[PDB]
Amino acid sequence: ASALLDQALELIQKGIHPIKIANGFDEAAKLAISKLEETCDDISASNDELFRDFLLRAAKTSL
Amino acid sequence: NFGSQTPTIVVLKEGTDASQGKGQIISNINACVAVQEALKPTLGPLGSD
Ligand SMILES: [Mg+2]
C-alpha cells in the first residue's frame, strides 16, 4: 500500500489528478489478478496422499 | 440618590453582542461562503473528500 502511495506522490507532482491515479490502479489490479489466475494450476486432481504434501509445503512457509 | 455612583442603566444584559452599523448582514454572507469553500472541491465524480 505504501509502495502505491510512493509512486502516486511522484505522479501528483507531475500534475495528474488524484482520481486519474486511482482509476489507473483499479484497472491495473484486475489485470494482475487475471494474469496470475491463468498461471496457477489445480492440485485437486491429486489423491489424499499427495494433498497432505501440499499442506506441508505452505505450512513451512508461514512458520 | 442612594449613592454617589448612580450607575447608568444598560438596556441589555452584559455579554450581548452588537449589530446594525455596516457589515452585519455581510458577516452572515462570509460565514456561508467559507463553509461553501469546503464543499466546492467535493462536487463532481473527480472531486475530493
Ligand atoms: Mg506469513
# chains A, B, ... in the order shown; residues from 1 in each chain; ligands from 1
>>> closest_atom_pairs(of="chain A", to="ligand 1", cutoff="12 Å", atoms="only C-alpha atoms and all ligand atoms", output="JSON lines")
{"residue": "A:58", "atom": "CA", "partner": "ligand 1", "partner_atom_place_in_ligand_line": "1 (Mg)", "distance": 9.6}
{"residue": "A:59", "atom": "CA", "partner": "ligand 1", "partner_atom_place_in_ligand_line": "1 (Mg)", "distance": 9.3}
{"residue": "A:60", "atom": "CA", "partner": "ligand 1", "partner_atom_place_in_ligand_line": "1 (Mg)", "distance": 9.6}
{"residue": "A:61", "atom": "CA", "partner": "ligand 1", "partner_atom_place_in_ligand_line": "1 (Mg)", "distance": 7.0}
{"residue": "A:62", "atom": "CA", "partner": "ligand 1", "partner_atom_place_in_ligand_line": "1 (Mg)", "distance": 4.1}
{"residue": "A:63", "atom": "CA", "partner": "ligand 1", "partner_atom_place_in_ligand_line": "1 (Mg)", "distance": 6.8}
>>> interface_residues(of="chain A", to="chain B", cutoff="12 Å", atoms="only C-alpha atoms", output="ChimeraX atom specification")
/A:16-23
>>> write_last_selection(atoms="N, CA, C and O atoms", output="CSV table (one decimal), in the first residue's frame")
chain,number,residue,atom,x,y,z
A,16,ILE,N,-1.0,15.3,-12.2
A,16,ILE,CA,-2.0,14.3,-12.5
A,16,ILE,C,-3.1,14.4,-11.4
A,16,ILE,O,-2.8,14.5,-10.2
A,17,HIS,N,-4.4,14.4,-11.8
A,17,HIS,CA,-5.4,14.4,-10.9
A,17,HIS,C,-5.5,13.2,-10.1
A,17,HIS,O,-5.3,12.1,-10.6
A,18,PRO,N,-5.7,13.3,-8.7
A,18,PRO,CA,-5.7,12.1,-7.9
A,18,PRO,C,-6.7,11.0,-8.3
A,18,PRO,O,-6.4,9.8,-8.1
A,19,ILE,N,-7.8,11.4,-8.8
A,19,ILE,CA,-8.8,10.4,-9.3
A,19,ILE,C,-8.3,9.6,-10.5
A,19,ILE,O,-8.5,8.4,-10.6
A,20,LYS,N,-7.6,10.3,-11.4
A,20,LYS,CA,-7.0,9.6,-12.5
A,20,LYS,C,-5.9,8.6,-12.1
A,20,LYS,O,-5.7,7.6,-12.7
A,21,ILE,N,-5.2,8.9,-10.9
A,21,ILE,CA,-4.3,7.9,-10.4
A,21,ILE,C,-5.0,6.7,-9.8
A,21,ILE,O,-4.6,5.6,-10.0
A,22,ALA,N,-6.1,7.0,-9.1
A,22,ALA,CA,-6.9,5.9,-8.5
A,22,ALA,C,-7.6,5.0,-9.6
A,22,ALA,O,-7.8,3.8,-9.4
A,23,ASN,N,-8.0,5.7,-10.7
A,23,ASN,CA,-8.6,4.9,-11.8
A,23,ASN,C,-7.7,4.0,-12.5
A,23,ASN,O,-8.1,3.0,-13.0
>>> select_by_dssp(residues="chain A", states="helix (DSSP H, G or I)", output="ChimeraX atom specification")
/A:2-13,18-39,48-62
>>> atom_distance(atom1="atom CA of residue A:26", atom2="atom CA of residue A:8")
13.3 Å
>>> atom_distance(atom1="atom CA of residue A:29", atom2="atom CA of residue A:7")
14.9 Å
>>> residues_around(residues="residue B:28", least_positions_apart="6", cutoff="12 Å", atoms="only C-alpha atoms", output="list in words")
residues 19, 34 and 35 of chain B
